[PDB]
file input.cif (mmCIF, C-alpha atoms and all ligand atoms)
data_my_file
#
loop_
_atom_site.label_atom_id
_atom_site.label_comp_id
_atom_site.auth_asym_id
_atom_site.auth_seq_id
_atom_site.Cartn_x
_atom_site.Cartn_y
_atom_site.Cartn_z
CA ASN M 1 105.61 86.79 113.76
CA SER M 2 103.13 88.78 115.88
CA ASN M 3 99.43 87.64 115.64
CA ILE M 4 97.98 91.17 115.57
CA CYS M 5 98.38 94.04 113.02
CA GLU M 6 101.11 96.42 114.11
CA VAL M 7 98.99 99.50 113.19
CA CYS M 8 95.42 98.75 114.41
CA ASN M 9 96.22 95.98 116.98
CA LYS M 10 93.51 93.63 115.64
CA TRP M 11 93.78 90.10 114.23
CA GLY M 12 92.49 89.20 110.81
CA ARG M 13 94.08 88.52 107.37
CA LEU M 14 97.70 89.50 108.18
CA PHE M 15 100.81 89.70 105.95
CA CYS M 16 103.97 88.89 107.83
CA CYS M 17 107.33 90.68 107.48
CA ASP M 18 110.23 88.39 106.49
CA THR M 19 112.88 90.42 108.24
CA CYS M 20 111.19 91.30 111.51
CA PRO M 21 108.30 89.88 113.61
CA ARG M 22 105.67 92.49 112.68
CA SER M 23 102.47 91.79 110.86
CA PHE M 24 99.94 93.91 108.91
CA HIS M 25 96.58 94.16 107.44
CA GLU M 26 96.89 94.80 103.71
CA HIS M 27 95.60 98.44 103.84
CA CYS M 28 97.06 99.17 107.31
CA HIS M 29 100.61 98.93 105.87
CA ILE M 30 101.71 101.97 103.90
CA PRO M 31 102.28 101.47 101.04
CA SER M 32 99.51 98.67 100.90
CA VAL M 33 101.20 95.23 101.21
CA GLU M 34 102.78 94.34 97.87
CA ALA M 35 101.18 91.44 95.82
CA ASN M 36 104.23 89.25 95.39
CA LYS M 37 107.83 89.88 96.69
CA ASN M 38 109.25 86.92 98.64
CA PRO M 39 110.91 87.77 100.89
CA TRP M 40 108.82 90.87 101.79
CA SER M 41 110.21 93.50 104.15
CA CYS M 42 107.86 95.99 105.98
CA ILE M 43 108.27 99.76 106.10
CA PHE M 44 109.91 99.56 109.53
CA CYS M 45 112.58 97.32 108.04
CA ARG M 46 113.04 99.54 104.95
CA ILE M 47 113.49 102.61 107.13
CA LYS M 48 116.07 100.81 109.32
CA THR M 49 118.06 99.87 106.14
CA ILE M 50 118.28 103.54 105.01
CA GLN M 51 119.76 104.47 108.38
CA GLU M 52 122.20 101.51 108.28
CA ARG M 53 123.37 102.28 104.75
CA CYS M 54 124.00 105.97 105.71
CA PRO M 55 124.68 106.32 109.44
CA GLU M 56 125.31 110.06 109.05
CA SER M 57 121.63 110.45 108.01
CA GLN M 58 120.92 110.45 111.79
CA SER M 59 122.93 113.59 112.45
CA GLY M 60 120.72 116.60 113.29
CA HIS M 61 118.95 118.54 110.54
CA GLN M 62 117.10 121.83 110.30
CA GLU M 63 113.35 121.51 109.67
CA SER M 64 113.55 124.17 107.00
CA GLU M 65 116.00 122.11 104.97
CA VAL M 66 113.95 118.91 105.46
CA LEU M 67 110.77 120.57 104.18
CA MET M 68 112.45 121.76 100.94
CA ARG M 69 113.56 118.28 100.02
CA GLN M 70 112.17 116.86 96.85
CA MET M 71 110.09 113.68 97.16
CA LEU M 72 112.69 111.24 95.81
CA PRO M 73 112.18 107.54 96.83
CA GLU M 74 113.78 107.81 100.29
CA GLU M 75 111.77 110.92 101.27
CA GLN M 76 108.56 109.34 99.88
CA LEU M 77 109.25 106.36 102.14
CA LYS M 78 109.95 108.48 105.16
CA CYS M 79 106.62 110.34 104.71
CA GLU M 80 104.76 107.03 104.25
CA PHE M 81 106.26 105.79 107.53
CA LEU M 82 105.43 109.04 109.35
CA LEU M 83 101.82 108.73 108.11
CA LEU M 84 101.78 105.15 109.32
CA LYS M 85 103.04 106.15 112.75
CA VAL M 86 100.02 108.42 113.07
CA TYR M 87 97.59 105.68 112.12
CA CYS M 88 99.29 103.56 114.80
CA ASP M 89 97.62 105.69 117.46
CA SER M 90 94.01 104.74 118.04
CA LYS M 91 92.98 108.40 118.25
CA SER M 92 93.75 108.66 114.52
CA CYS M 93 90.23 107.36 113.97
CA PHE M 94 88.90 110.83 114.45
CA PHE M 95 91.01 112.26 111.63
CA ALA M 96 90.94 109.30 109.16
CA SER M 97 87.88 109.88 107.04
CA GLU M 98 86.21 112.96 105.51
CA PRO M 99 84.85 115.25 108.20
CA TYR M 100 81.74 117.43 108.15
CA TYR M 101 81.01 120.59 110.04
CA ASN M 102 77.65 121.61 111.57
CA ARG M 103 78.12 123.03 115.07
CA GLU M 104 76.35 126.06 116.50
CA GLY M 105 78.80 128.97 116.71
CA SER M 106 81.48 127.52 114.40
CA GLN M 107 82.09 127.57 110.70
CA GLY M 108 83.89 124.71 108.88
CA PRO M 109 87.44 125.13 107.58
CA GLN M 110 88.15 126.56 104.15
CA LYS M 111 90.32 123.57 103.28
CA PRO M 112 89.23 120.35 104.91
CA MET M 113 91.84 117.61 105.26
CA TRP M 114 92.00 114.10 106.56
CA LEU M 115 94.39 111.13 106.85
CA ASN M 116 92.92 109.02 104.08
CA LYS M 117 93.17 112.03 101.69
CA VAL M 118 96.89 112.37 102.62
CA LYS M 119 97.27 108.63 102.12
CA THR M 120 95.75 108.85 98.60
CA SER M 121 97.84 111.90 97.77
CA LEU M 122 101.02 110.02 98.70
CA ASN M 123 99.97 106.96 96.75
CA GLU M 124 99.23 109.10 93.65
CA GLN M 125 102.67 110.92 94.00
CA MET M 126 100.95 114.31 94.35
CA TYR M 127 103.56 115.80 96.67
CA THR M 128 106.74 117.11 95.03
CA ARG M 129 108.41 118.15 98.29
CA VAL M 130 108.31 117.02 101.92
CA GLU M 131 106.73 120.43 102.69
CA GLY M 132 103.48 119.46 100.82
CA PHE M 133 102.97 116.42 102.95
CA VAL M 134 103.84 118.11 106.26
CA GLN M 135 101.57 121.10 105.47
CA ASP M 136 98.56 118.83 104.85
CA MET M 137 99.28 116.86 108.01
CA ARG M 138 99.53 119.96 110.19
CA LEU M 139 96.35 121.34 108.51
CA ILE M 140 94.34 118.37 109.82
CA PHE M 141 95.06 119.36 113.42
CA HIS M 142 94.87 123.13 112.87
CA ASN M 143 91.34 122.75 111.30
CA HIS M 144 90.24 120.67 114.29
CA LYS M 145 91.53 123.24 116.83
CA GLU M 146 89.84 126.12 115.12
CA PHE M 147 86.47 124.34 114.63
CA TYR M 148 86.13 122.91 118.16
CA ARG M 149 87.06 126.19 119.88
CA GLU M 150 86.64 125.72 123.62
CA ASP M 151 85.08 122.27 123.50
CA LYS M 152 87.30 119.81 125.31
CA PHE M 153 87.24 117.70 122.10
CA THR M 154 89.89 120.11 120.82
CA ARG M 155 92.35 118.09 122.92
CA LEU M 156 92.19 115.15 120.53
CA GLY M 157 93.88 117.39 117.85
CA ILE M 158 96.61 118.39 120.28
CA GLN M 159 97.21 114.80 121.17
CA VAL M 160 97.44 113.40 117.67
CA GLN M 161 99.54 116.40 116.50
CA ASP M 162 102.00 115.63 119.26
CA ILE M 163 102.37 112.05 117.88
CA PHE M 164 102.91 113.45 114.42
CA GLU M 165 105.51 116.01 115.55
CA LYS M 166 107.55 113.58 117.73
CA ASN M 167 107.65 111.09 114.92
CA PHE M 168 108.55 113.80 112.35
CA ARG M 169 111.52 114.86 114.54
CA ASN M 170 112.61 111.15 114.87
CA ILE M 171 112.22 109.99 111.28
CA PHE M 172 113.81 113.06 109.70
CA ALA M 173 116.47 113.39 112.44
CA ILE M 174 115.60 116.94 113.28
CA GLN M 175 118.31 118.57 115.48
CA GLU M 176 117.36 118.44 119.11
CA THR M 177 116.70 121.76 120.87
CA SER M 178 115.54 123.20 124.22
ZN ZN A 201 95.40 96.67 110.84
ZN ZN A 202 109.76 94.28 109.14
ZN ZN A 203 127.19 106.71 103.47
#

call {"tool": "encode", "arguments": {"input": "input.cif", "output": "structure tokens", "more": "lines below"}}
Ligand SMILES: [Zn+2]
Ligand SMILES: [Zn+2]
Ligand SMILES: [Zn+2]
result
Amino acid sequence: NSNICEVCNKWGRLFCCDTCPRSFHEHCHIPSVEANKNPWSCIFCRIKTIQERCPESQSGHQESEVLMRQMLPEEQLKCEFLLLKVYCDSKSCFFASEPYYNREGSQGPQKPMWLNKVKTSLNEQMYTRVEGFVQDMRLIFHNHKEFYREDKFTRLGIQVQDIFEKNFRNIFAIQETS
């Protein structure tokens, strides 16, 4: 097994996957690492199994169809993994916890949003369709762009949104386009 957490790249109290060499902090894994279960298989492994059990699941899909999917177990997992892929980027730190807004010339967003809120909402099964999760994720970056205006800090939202979108297209096998 690796000696650092796959998500945050730090050592510490790590839980090791039984079917691959990755390791995790308890609350870095999504869902949080399960109490018992020997062997234990990480989210990366669980996602790989879905693809292996249904190879045709990798054929191209339309985003509009993906968004309307109900949050059955496999879609729940895919959103958990997409969320985790964002937290894998160190720039996710800026979007993790509850923001506050007091900048001359800007007004805060009407609906603030942040990663840990999305994480809780997934854990509490508050999304009934993939669309709910994706909307909240895109809202994080849209709020940031609007608030920061011409400050160069706006670029951090563009950057982390790009990680989200690339991973969304990979995990849900969105049809490639020009
Ligand atoms: Zn970690
Ligand atoms: Zn694994
Ligand atoms: Zn099949």

call {"tool": "closest_atom_pairs", "arguments": {"input": "input.cif", "of": "chain M", "to": "ligand ZN 201 (chain A)", "cutoff": "7 Å", "atoms": "only C-alpha atoms and all ligand atoms", "output": "JSON lines"}}
result
{"residue": "M:5", "atom": "CA", "partner": "A:ZN201", "partner_atom": "ZN", "distance": 4.5}
{"residue": "M:6", "atom": "CA", "partner": "A:ZN201", "partner_atom": "ZN", "distance": 6.6}
{"residue": "M:7", "atom": "CA", "partner": "A:ZN201", "partner_atom": "ZN", "distance": 5.1}
{"residue": "M:8", "atom": "CA", "partner": "A:ZN201", "partner_atom": "ZN", "distance": 4.1}
{"residue": "M:9", "atom": "CA", "partner": "A:ZN201", "partner_atom": "ZN", "distance": 6.2}
{"residue": "M:10", "atom": "CA", "partner": "A:ZN201", "partner_atom": "ZN", "distance": 6.0}
{"residue": "M:24", "atom": "CA", "partner": "A:ZN201", "partner_atom": "ZN", "distance": 5.7}
{"residue": "M:25", "atom": "CA", "partner": "A:ZN201", "partner_atom": "ZN", "distance": 4.4}
{"residue": "M:28", "atom": "CA", "partner": "A:ZN201", "partner_atom": "ZN", "distance": 4.6}

call {"tool": "atom_distance", "arguments": {"input": "input.cif", "atom1": "atom CA of residue 149 of chain M", "atom2": "atom CA of residue 167 of chain M"}}
result
26.0 Å

call {"tool": "closest_atom_pairs", "arguments": {"input": "input.cif", "of": "chain M", "to": "ligand ZN 202 (chain A)", "cutoff": "6 Å", "atoms": "only C-alpha atoms and all ligand atoms", "output": "Markdown table"}}
result
| residue | atom | partner | partner_atom | distance |
| --- | --- | --- | --- | --- |
| M:17 | CA | A:ZN202 | ZN | 4.6 |
| M:19 | CA | A:ZN202 | ZN | 5.0 |
| M:20 | CA | A:ZN202 | ZN | 4.1 |
| M:22 | CA | A:ZN202 | ZN | 5.7 |
| M:41 | CA | A:ZN202 | ZN | 5.1 |
| M:42 | CA | A:ZN202 | ZN | 4.1 |
| M:44 | CA | A:ZN202 | ZN | 5.3 |
| M:45 | CA | A:ZN202 | ZN | 4.3 |

call {"tool": "residues_near_ligand", "arguments": {"input": "input.cif", "ligand": "ligand ZN 203 (chain A)", "cutoff": "8 Å", "atoms": "only C-alpha atoms and all ligand atoms", "output": "number ranges by chain"}}
result
M: 53-56

call {"tool": "closest_atom_pairs", "arguments": {"input": "input.cif", "of": "segment 10-116 of chain M", "to": "segment 139-144 of chain M", "cutoff": "6 Å", "atoms": "all atoms listed in the file", "output": "Markdown table"}}
result
| residue | atom | partner | partner_atom | distance |
| --- | --- | --- | --- | --- |
| M:109 | CA | M:143 | CA | 5.9 |
| M:113 | CA | M:140 | CA | 5.3 |
| M:114 | CA | M:140 | CA | 5.9 |

call {"tool": "write_last_selection", "arguments": {"input": "input.cif", "atoms": "C-alpha atoms", "output": "mmCIF file, keeping the file's coordinate frame"}}
result
data_model
loop_
_atom_site.group_PDB
_atom_site.id
_atom_site.type_symbol
_atom_site.label_atom_id
_atom_site.label_comp_id
_atom_site.auth_asym_id
_atom_site.auth_seq_id
_atom_site.Cartn_x
_atom_site.Cartn_y
_atom_site.Cartn_z
ATOM 1 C CA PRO M 109 87.440 125.130 107.580
ATOM 2 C CA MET M 113 91.840 117.610 105.260
ATOM 3 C CA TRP M 114 92.000 114.100 106.560
#

call {"tool": "residues_around", "arguments": {"input": "input.cif", "residues": "residue 21 of chain M", "least_positions_apart": "3", "cutoff": "9 Å", "atoms": "only C-alpha atoms", "output": "CSV table (one decimal) with C-alpha atoms, in the frame of the given file"}}
result
chain,number,residue,atom,x,y,z
M,1,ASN,CA,105.6,86.8,113.8
M,2,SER,CA,103.1,88.8,115.9
M,16,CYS,CA,104.0,88.9,107.8
M,17,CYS,CA,107.3,90.7,107.5
M,18,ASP,CA,110.2,88.4,106.5

call {"tool": "residues_near_point", "arguments": {"input": "input.cif", "point": "(113.1, 104.2, 104.9)", "cutoff": "8 Å", "atoms": "all atoms listed in the file", "output": "PyMOL selection string"}}
result
chain M and resi 43-51+74-75+77-78+81

call {"tool": "write_last_selection", "arguments": {"input": "input.cif", "atoms": "C-alpha atoms", "output": "tab-separated table (two decimals), in the coordinates of the input"}}
result
chain	number	residue	atom	x	y	z
M	43	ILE	CA	108.27	99.76	106.10
M	44	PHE	CA	109.91	99.56	109.53
M	45	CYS	CA	112.58	97.32	108.04
M	46	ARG	CA	113.04	99.54	104.95
M	47	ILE	CA	113.49	102.61	107.13
M	48	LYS	CA	116.07	100.81	109.32
M	49	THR	CA	118.06	99.87	106.14
M	50	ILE	CA	118.28	103.54	105.01
M	51	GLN	CA	119.76	104.47	108.38
M	74	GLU	CA	113.78	107.81	100.29
M	75	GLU	CA	111.77	110.92	101.27
M	77	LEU	CA	109.25	106.36	102.14
M	78	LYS	CA	109.95	108.48	105.16
M	81	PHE	CA	106.26	105.79	107.53

call {"tool": "atom_distance", "arguments": {"input": "input.cif", "atom1": "atom CA of residue 169 of chain M", "atom2": "atom CA of residue 58 of chain M"}}
result
10.7 Å

call {"tool": "build_atoms", "arguments": {"input": "input.cif", "residues": "segment 65-92 of chain M", "atoms": "N, CA and C atoms", "output": "compact mmCIF listing (two decimals), in the coordinates of the input"}}
result
# COMPACT_ATOMS: atom_id res chain seq x y z
N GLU M 65 115.38 122.87 105.99
CA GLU M 65 116.00 122.11 104.97
C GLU M 65 115.23 120.82 104.65
N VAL M 66 114.74 120.17 105.69
CA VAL M 66 113.95 118.91 105.46
C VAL M 66 112.74 119.23 104.59
N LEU M 67 112.03 120.28 104.90
CA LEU M 67 110.77 120.57 104.18
C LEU M 67 110.97 120.83 102.69
N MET M 68 112.14 121.49 102.32
CA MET M 68 112.45 121.76 100.94
C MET M 68 112.94 120.59 100.13
N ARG M 69 113.14 119.44 100.77
CA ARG M 69 113.56 118.28 100.02
C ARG M 69 112.54 117.82 99.01
N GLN M 70 113.01 117.47 97.82
CA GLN M 70 112.17 116.86 96.85
C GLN M 70 111.79 115.44 97.27
N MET M 71 110.58 115.04 96.88
CA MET M 71 110.09 113.68 97.16
C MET M 71 110.67 112.52 96.31
N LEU M 72 112.03 112.36 96.39
CA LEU M 72 112.69 111.24 95.81
C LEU M 72 112.27 109.99 96.63
N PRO M 73 112.61 108.78 96.17
CA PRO M 73 112.18 107.54 96.83
C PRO M 73 112.39 107.46 98.35
N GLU M 74 113.53 107.87 98.86
CA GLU M 74 113.78 107.81 100.29
C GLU M 74 112.90 108.77 101.10
N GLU M 75 112.65 109.97 100.57
CA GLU M 75 111.77 110.92 101.27
C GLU M 75 110.29 110.48 101.19
N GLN M 76 109.89 109.97 100.05
CA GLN M 76 108.56 109.34 99.88
C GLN M 76 108.39 108.30 100.95
N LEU M 77 109.37 107.38 101.09
CA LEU M 77 109.25 106.36 102.14
C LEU M 77 109.15 106.88 103.53
N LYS M 78 109.95 107.91 103.84
CA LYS M 78 109.95 108.48 105.16
C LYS M 78 108.56 109.09 105.46
N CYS M 79 107.96 109.75 104.46
CA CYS M 79 106.62 110.34 104.71
C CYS M 79 105.59 109.24 104.87
N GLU M 80 105.66 108.21 104.07
CA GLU M 80 104.76 107.03 104.25
C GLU M 80 104.84 106.46 105.66
N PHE M 81 106.03 106.34 106.21
CA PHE M 81 106.26 105.79 107.53
C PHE M 81 105.75 106.74 108.61
N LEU M 82 105.96 108.05 108.44
CA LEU M 82 105.43 109.04 109.35
C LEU M 82 103.87 108.99 109.37
N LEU M 83 103.30 108.91 108.20
CA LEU M 83 101.82 108.73 108.11
C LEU M 83 101.39 107.47 108.86
N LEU M 84 102.12 106.37 108.64
CA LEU M 84 101.78 105.15 109.32
C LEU M 84 101.88 105.22 110.84
N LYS M 85 102.85 105.95 111.37
CA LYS M 85 103.04 106.15 112.75
C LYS M 85 101.85 106.91 113.34
N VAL M 86 101.25 107.81 112.58
CA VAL M 86 100.02 108.42 113.07
C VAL M 86 98.87 107.44 113.17
N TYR M 87 98.65 106.68 112.12
CA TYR M 87 97.59 105.68 112.12
C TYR M 87 97.81 104.65 113.21
N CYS M 88 99.02 104.45 113.69
CA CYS M 88 99.29 103.56 114.80
C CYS M 88 98.60 103.95 116.12
N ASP M 89 98.31 105.22 116.26
CA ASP M 89 97.62 105.69 117.46
C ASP M 89 96.14 105.52 117.26
N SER M 90 95.45 104.92 118.26
CA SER M 90 94.01 104.74 118.04
C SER M 90 93.18 106.02 117.89
N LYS M 91 93.67 107.16 118.37
CA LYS M 91 92.98 108.40 118.25
C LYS M 91 93.00 108.95 116.82
N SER M 92 93.83 108.34 115.92
CA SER M 92 93.75 108.66 114.52
C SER M 92 92.41 108.42 113.86
